[PDB]
């Protein structure tokens, strides 16, 4: 079984639970205000920063290298732009760093520093999601909060270096299947992906609690 197939199958159930979490539900209903949106985007800033720091650390490692696409996928730069938009010039010392976000970042550094062979699970969970649900969320965000088609405030959801997301995802899945795979690694990579989804679910549950 190809890694891409194993991952889709391993996370199809938890994905249903994630996309139907209370926070995503309210978001899809346009009931989230500037406050909630700023909270989640700030959390993603911390998460992608940690993820990409670990990707850079392991870019030359064959257990990840084939998936090294900073120009097309990395979000830190976009998030820095979005943070400046929503939080202003001094966003640096203004954005929050919630416990659930810290927990996610912690696991990211553990994976990147001690179990790099599992980093693909985290890149897969974040980036493939961004190229999917993230695109529908972008349109919902624009409508609900009156964000211009121009893109300001939604740089995170914009991939200027990717012409066709559907096509890129197919290329990304194919490349995922070229990584050195053993029953051992495939087993743990799919487990870490489920873990990644859970960390996301926990972040959302925490943010929803903080907002209500």
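Residue numbers count along the first chain shown, from 1. Definition used throughout: the rigid core is the maximal C-alpha set that superposes within 1.5 Å between two forms.
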{"item": "Core-aligned Cα RMS comparison in 9 other deposited structures of this protein - stretch that moves more, 35-43 or 140-148", "value": "140-148"}
{"item": "Stretch departing more from the displayed form, 23-31 or 51-59, Cα RMS in 9 other deposited structures of this protein (core fit)", "value": "23-31"}
{"item": "Higher-B stretch (mean Cα B-factor, as the entry records it), 153-161 or 26-34", "value": "26-34"}
{"item": "Per the entry, higher mean C-alpha B factor between 69-77 and 85-93", "value": "85-93"}
{"item": "C-alpha B-factor winner, where the candidates are 182, 43, 49, 58", "value": "182"}
{"item": "CA B-factor ranking of residue 13, expressed as a third of its chain", "value": "middle"}
{"item": "CA B-factor ranking of residue 202, expressed as a third of its chain", "value": "middle"}
{"item": "Residue 209 by Cα B-factor - lowest, middle or highest third of the modelled chain", "value": "highest"}
{"item": "Assigned third (lowest, middle, highest) for the C-alpha B factor of residue 135", "value": "highest"}
